[PDB]
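>
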RNA sequence: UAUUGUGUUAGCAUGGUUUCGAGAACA
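Protein chains in written order, with the UniProt record's numbering: chain A, 79 to 199; chain B, 306 to 356; chain C, 256 to 357; chain D, 338 to 417, 467 to 583; chain E, 223 to 312; chain F, 10 to 111; chain G, 2 to 145.
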């Protein structure tokens with residue numbers, strides 16, 4: 079687990095680093111956010127996403143991790159290239175350069191609560 | 306200072322009619338085989354590399 | 256890298272002058288030969304006629320192309336189709352150091 | 338706990354002399370070789386004599402009755467060296483072949499169709515890729531009234547379409563494409579020889 | 223060290239290496255090549271399934287000794303050698 | 010821990026015995042038709058004891074990544090666990106396998 | 002009535018395996034899965050042996066050319082590189098010599114193919130946290 | 001184109017993969 083202090087430069091290692099994404103969406107969505115979740119999953123597979131994501135009617139956040147260069151494209155896609163209406167984009171934290179990764183597969187957390195408890199809640 | 310090859314010889318042509326499979330070619334093969342065995346005799350980090 | 260035949264620099268030198276540079280020479284030679292050695296008509300019609308001056312001219316072109324086929328160093332398949340030789344030449348160079356992501 | 342209690346070798350008496358001295362009986366592993374023609378005939382003679390000895394079954398007499406039926410209608414090889471000519475070889479001898487590409491063999495339109503498989507290098511060959519058939523229209527082919535009827539009778543109504551009026555002849559009795567293709571061209575010429583009579 | 227491979231057309235033939243037993247390094251096959259070659263049989267043009275079948279008998283009759291040539295239908299080991307020779311003359 | 014290496018099955022005496030009968034039947038397949046032809050011509054029905062040990066029906070389905078002789082299909086040639094491991098390792102995608110549909 | 006959504010229903014439950022356009026897939030995978038392990042175990046090993054003796058590696062190749070062709074066609078002076086050895090492995094898949102001019106292996110005149118020293122897109126991509134079988138030489142250990 | 005033993009005590013209370021039975025997923 080050698081840090082970037084060993085010899086990363088602009089020759090060949092400039093595109094050999096990992097990190098975490100930074101995004102926090104907020105605003106109303108069509109139906110219950112089904113369109114946004116489906117669109118994000120298809121694009122995420124092409125970029126070989128590892129982290130997870132959360133989608134809902136209003137709340138939309140998550141933690142996405144991957145390559146330093148791969149995540150750069152997603153920043154522009156999820157800021158202007160949005161078919162739905164977006165109010166504003168927030169940020170929580172970011173970090174570039176880290177040995178190995180935490181997650182292994184891309185998945186979206188969905189509300190699988192039973193319908194019986196929905197009325198009580 | 307830096308050019309390894311003076312020029313190119315890319316000319317469209319076939320080849321000669323005779324085949325290099327005469328008795329002279331076969332006889333020369335035995336001579337080129339003795340040097341291989343003689344070199345392998347002087348064992349220097351080469352005997353195991355080939356075998 | 257004690258030896259001079261295994262460094263990163265020499266590998267690139269032989270990957271351009273023998274893979275792409277040699278492929279272009281064969282490509283132009285094949286096209287040039289067809290211009291100076293035409294046929295009576297369509298290639299399909301020439302086989303159904305069994306006429307002279309067509310079987311002879313075609314045979315000469317086959318030997319000329321075979322003798323004008325450079326031997327690739329990096330590639331050992333030794334493809335005979337000029338279209339495939341150029342297509343595969345770029346794939347080897349692109350996969351060496353061209354890409355920057357998965 | 339179980340399936341572990343061993344037993345001593347009780348086979349030690351001097352009376353058991355004929356043991357561990359010869360190879361065991363024929364094993365299934367040695368059956369790879371084929372049976373010679375001398376042994377196959379021997380079993381037929383041994384079994385035929387046992388059945389007639391009195392070993393009869395309820396389902397044995399019924400089989401004989403069916404065989405006797407084919408004798409009356411005349412579908413048996415029963416007669417109250468030879469060197470014959472096979473039908474395939476006979477057709478080869480009688481065949482007018484063309485003398486070079488510029489000579490027309492047939493004198494009527496005909497279409498030849500065949501399926502050719504192309505793709506990446508497959509480890510195994512794809513079957514059902516050796517079909518060859520020929521089609522021709524009876525209306526275009528000029529023939530007499532008697533000759534026209536015989537053409538459809540030999541091939542039957544299955545190989546004839548009443549809507550358009552075309553006859554399709556399919557031949558596929560060989561695995562190879564080249565072998566099958568040549569076979570179709572031989573039978574086609576023979577058909578016309580008998581039709582015109 | 224290693225023998226050459228002068229095939230027809232190309233310059234490499236894996237079939238001759240396997241039958242000779244030089245590449246596989248199989249002692250049972252190496253001794254089999256010198257035996258069939260002396261008998262006068264075209265081993266170079268034999269099927270893959272038949273070469274191994276004959277080689278199995280040579281090793282089986284060697285370790286246990288030449289004392290169990292038994293075969294189904296009362297067949298001797300010499301009959302197979304003679305039969306194969308006719309189909310593969312020299 | 011470490012899922013099995015699906016390319017090389019473990020040892021199994023029963024599994025090897027099934028393949029042994031296949032070779033015996035193939036060589037004796039010609040003799041099987043001769044026995045039926047002689048009886049048909051003579052018009053007599055009789056048994057063929059020699060076909061018991063070299064019969065086609067002696068062989069049955071078996072699992073290649075296994076050794077059980079039940080629960081094997083002609084399409085997959087694998088047991089319940091054999092297909093699950095093969096499909097979950099990412100090997101059937103190239104062969105048109107979409108698990109999305111039920 | 003959904004026509005496109007119900008496509009292929011007829012040839013799913015009312016068709017025989019031998020009377021359909023579907024081709025088998027087990028035959029191809031038989032020779033494909035086995036070859037993957039061969040290149041993995043023998044891949045690094047072949048490269049290690051080639052790089053074991055850095056200098057004096059071209060002497061053996063130069064002498065060999067004097068016996069096959071006699072005259073060294075690729076001869077060059079001392080101030081020029083001879084060649085670069087590429088670690089290659091033999092072909093084990095019994096491919097058929099098809100007549101496809103656009104094929105990548107039909108025109109193969111040798112029994113050796115190049116091996117990629119580095120790959121960024123592993124073919125055996127897992128669908129989860131499961132690992133690839135036969136990729137753990139060292140035995141495991143338990144806390145005990 | 002076959003080739004590195006054991007279809008045997010010992011899995012709920014130390015087990016890797018899979019799964020039945022009960023419970024949960026909200027700001």
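The C-beta atom is built at its ideal place from N, Cα and C for all residues, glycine as well.
Assuming the contact rule is C-beta atoms closer than 8 Å, residue 100 (chain F) and residue 94 (chain G) should be a hit. Round their C-beta distance to whole Å, please.
Locating residue 100 (chain F) in the sixth chain gives position 91, where the first residue counts as 1. Locating residue 94 (chain G) in the seventh chain gives position 93, where the first residue counts as 1. 16 Å between Cβ atoms; not a contact.
> Looking at C-beta atoms only, is the number of pairs between the region 164 to 174 of chain A and the region 95 to 114 of chain A that lie closer than 8 Å three or more?
yes
> Give the secondary structure of residue 143 (chain A) by DSSP, where H, G and I count as helix, E and B as strand, and everything else as coil.
If you number the first chain from 1, residue 143 (chain A) lands on position 65. Looking at residue 143 (chain A) - three-state DSSP - the assignment turns out to be strand.
> For the alpha helix (DSSP H) that residue 24 (chain F) lies in, which residues bound it at each end?
If you number the sixth chain from 1, residue 24 (chain F) lands on position 15. That run of the alpha helix (DSSP H) goes 22 to 51.
> Which word fits residue 353 (chain C), buried or exposed, when buried means at least 16 other C-beta atoms lie within 10 angstroms of its C-beta?
For the purposes of this step, residue 353 (chain C) is identified with residue 98 of the third chain, where counting begins at 1. Label assigned to residue 353 (chain C): exposed.
> Alpha carbon to alpha carbon, what distance is there between residue 309 (chain B) and residue 81 (chain G)?
Residue 81 (chain G) sits at position 80 when you count from the first residue of the seventh chain. Residue 309 (chain B) sits at position 4 when you count from the first residue of the second chain. If you take the alpha carbons of residue 81 (chain G) and residue 309 (chain B), they lie about 8 Å apart.
> Any beta carbon from chain E within less than 8 Å of residue 363 (chain D)'s own beta carbon?
Along the fourth chain, one-based indexing puts residue 363 (chain D) at 26. Taking Cβ atoms only, chain E reaches closer than 8 Å to residue 363 (chain D), which makes this a yes.
> When you compare the CB of residue 357 (chain C) with every CB in chain A, is at least one pair closer than 8 Å?
Within the third chain, numbered from 1, the residue matching residue 357 (chain C) stands at position 102. Yes - at least one Cβ of chain A is within 8 Å of the one on residue 357 (chain C).
> From which residue to which residue does the beta strand (DSSP E) around residue 500 (chain D) run?
For the purposes of this step, residue 500 (chain D) is taken as residue 114 along the fourth chain, with counting starting at 1. Element bounds for residue 500 (chain D): 497 to 500.
> I'd like to know whether the C-beta of residue 24 (chain G) is nearer than 8 Å to at least one C-beta of chain F.
The count along the seventh chain starts at 1 and reaches residue 24 (chain G) at position 23. With 8 Å as the cut-off, residue 24 (chain G) does not count as an interface residue toward chain F.
> With the cut-off set at 8 Å, would you say residue 292 (chain C) and residue 314 (chain C) are in Cβ contact?
If you number the third chain from 1, residue 292 (chain C) lands on position 37. If you number the third chain from 1, residue 314 (chain C) lands on position 59. Their beta carbons are not under 8 Å apart, which means residue 292 (chain C) does not touch residue 314 (chain C) by this criterion.
> Can you tell me where the alpha helix (DSSP H) holding residue 398 (chain D) begins and where it ends?
On the fourth chain, residue 398 (chain D) is found 61 positions in, with the first residue counted as 1. Element bounds for residue 398 (chain D): 398 to 410.
> Listed from N- to C-terminal order along the chain, which residues in the region 378 to 390 of chain D have their beta-carbon within a distance smaller than 8 Å of any beta-carbon of chain F?
380, 381, 384, 385 and 388
> What separation, rounded to the nearest whole angstrom, lies between the Cα atoms of residue 148 (chain A) and residue 303 (chain C)?
Reading the first chain from its first residue, position 70 is the one you call residue 148 (chain A). Reading the third chain from its first residue, position 48 is the one you call residue 303 (chain C). Cα to Cα, residue 148 (chain A) sits roughly 58 Å from residue 303 (chain C).
> Just checking: is the beta-carbon of residue 260 (chain C) within a distance shorter than 8 Å of some beta-carbon in chain G?
What you label residue 260 (chain C) is simply residue 5 of the third chain in a count that begins at 1. Chain G contact via Cβ: present.
> Could you give the C-beta distance for residue 365 (chain D) and residue 88 (chain F), rounded to a whole number, given that I count them as a contact under 8 Å?
The residue labelled residue 365 (chain D) in the question sits at position 28 within the fourth chain. The residue labelled residue 88 (chain F) in the question sits at position 79 within the sixth chain. The C-beta separation of residue 365 (chain D) from residue 88 (chain F) comes to about 26 Å, leaving the pair out of contact by the 8 Å criterion.
> With a threshold of 6 Å on Cβ separation, who are the neighbours of residue 326 (chain C) within its own chain once the five nearest residues in sequence on each side are excluded?
For the purposes of this step, residue 326 (chain C) is taken as the residue at position 71 of the third chain. So the list is empty, once near-sequence residues are dropped.
> Tell me, which residues are paired with residue 520 (chain D) by DSSP?
Position 134 of the fourth chain, counting from 1, holds the residue named residue 520 (chain D). Note: residue 520 (chain D) sits in a beta bridge opposite D:498 and D:555.
> Using a Cβ-Cβ cut-off of 8 Å, state whether residue 145 (chain A) counts as contacting chain C.
Taking the first chain and counting its residues from 1, one reaches residue 145 (chain A) at position 67. True, the Cβ-Cβ gap to chain C drops below 8 Å.
> With distances taken Cα to Cα, identify the nearest neighbour of residue 63 (chain F) among F:53, F:19, F:37 and F:81.
Mapped onto the sixth chain, residue 63 (chain F) falls at position 54. For the residues F:53, F:19, F:37 and F:81, the minimum Cα distance to residue 63 (chain F) belongs to F:37.
> Show which residues of chain D have a CB atom less than 9 Å away from the CB atom of residue 297 (chain E).
To locate residue 297 (chain E), count along the fifth chain from 1; it is residue 75. Here the neighbours are 370 and 373.
> Let me see if you follow: with CB-CB separation under 8 Å, is residue 93 (chain G) close to chain E or not?
Here residue 93 (chain G) corresponds to residue number 92 of the seventh chain, with the count starting at 1. For residue 93 (chain G), the answer is no, since every Cβ of chain E falls outside 8 Å of its Cβ.
> DSSP three-state call for residue 80 (chain A): helix, strand or coil?
In the first chain, the residue the question calls residue 80 (chain A) occupies position 2. Coil.
> Measuring alpha carbon to alpha carbon, tell me which residue in D:484, D:557 and D:524 is nearest residue 534 (chain D).
Working through the fourth chain from its first residue, we reach residue 534 (chain D) at position 148. Of the listed residues, the one whose Cα sits closest to residue 534 (chain D) is D:524.
> Taking 8 Å as the threshold (C-beta atoms), are residue 11 (chain F) and residue 76 (chain F) in contact?
Position 67 of the sixth chain, counting from 1, holds the residue named residue 76 (chain F). Position 2 of the sixth chain, counting from 1, holds the residue named residue 11 (chain F). Contact: no.
> At the 8 Å Cβ level, is residue 111 (chain G) part of the contact set with chain E, yes or no?
For this step, residue 111 (chain G) is matched to residue 110 along the seventh chain. It does: the Cβ of residue 111 (chain G) has a partner Cβ on chain E nearer than 8 Å.
> Identify, in the order they occur along the chain, each residue of the same chain with its Cβ nearer than 8 Å to the Cβ of residue 146 (chain A), setting aside the five sequence neighbours on each side.
Taking the first residue of the first chain as 1, we reach residue 146 (chain A) at position 68. If we look at residue 146 (chain A) and ignore the five residues flanking it on each side, its Cβ neighbours are 93, 95, 96, 97, 174 and 175.
> Span of the beta strand (DSSP E) holding residue 259 (chain C)?
In the third chain, the residue the question calls residue 259 (chain C) occupies position 4. Per DSSP, residue 259 (chain C) belongs to no beta strand (DSSP E) and is neither H nor E.
> Give a yes or no on whether the minimum CB-CB distance between residue 28 (chain F) and chain G is below 8 Å.
One-based indexing of the sixth chain puts residue 28 (chain F) at position 19. No, residue 28 (chain F) lies away from the interface with chain G (no Cβ there is under 8 Å from its Cβ).
> Check whether the Cβ atoms of residue 255 (chain E) and residue 242 (chain E) sit closer than 8 Å, and answer yes or no.
The sequence position of residue 255 (chain E) within the fifth chain is 33, counting from 1. The sequence position of residue 242 (chain E) within the fifth chain is 20, counting from 1. Against a cut-off of 8 Å, the Cβ pair of residue 242 (chain E) and residue 255 (chain E) comes out as a contact.
> Report all residues from its chain with a CB closer than 6 Å to the CB of residue 497 (chain D); omit the five preceding and five following residues, and keep chain order.
The residue labelled residue 497 (chain D) in the question sits at position 111 within the fourth chain. Answer for residue 497 (chain D): 521, listed in chain order.
> When you compare the region 560 to 577 of chain D with the region 27 to 45 of chain G, are there three or more beta-carbon pairs, one atom per stretch, that lie closer than 8 Å?
no
> Could you spell out where the alpha helix (DSSP H) holding residue 449 (chain D) opens and where it closes?
There are no coordinates for residue 449 (chain D) in this structure, because the numbering of chain D runs from 417 directly to 467.
> Closer than 7 Å, Cβ to any Cβ of chain D: which residues of the region 26 to 42 of chain G, in chain order?
28, 29 and 32
> Taking the alpha carbon of residue 288 (chain E) as the point to measure from, which residue in D:360, D:402, D:412 and D:556 has its own alpha carbon closest?
Position 66 of the fifth chain, counted from the first residue, corresponds to residue 288 (chain E). Among D:360, D:402, D:412 and D:556, the Cα nearest to that of residue 288 (chain E) belongs to D:360.
> Could you give the first and the last residue of the continuous beta strand (DSSP E) run that contains residue 311 (chain B)?
Locating residue 311 (chain B) in the second chain gives position 6, where the first residue counts as 1. Unbroken run through residue 311 (chain B): none, as it is neither H nor E.
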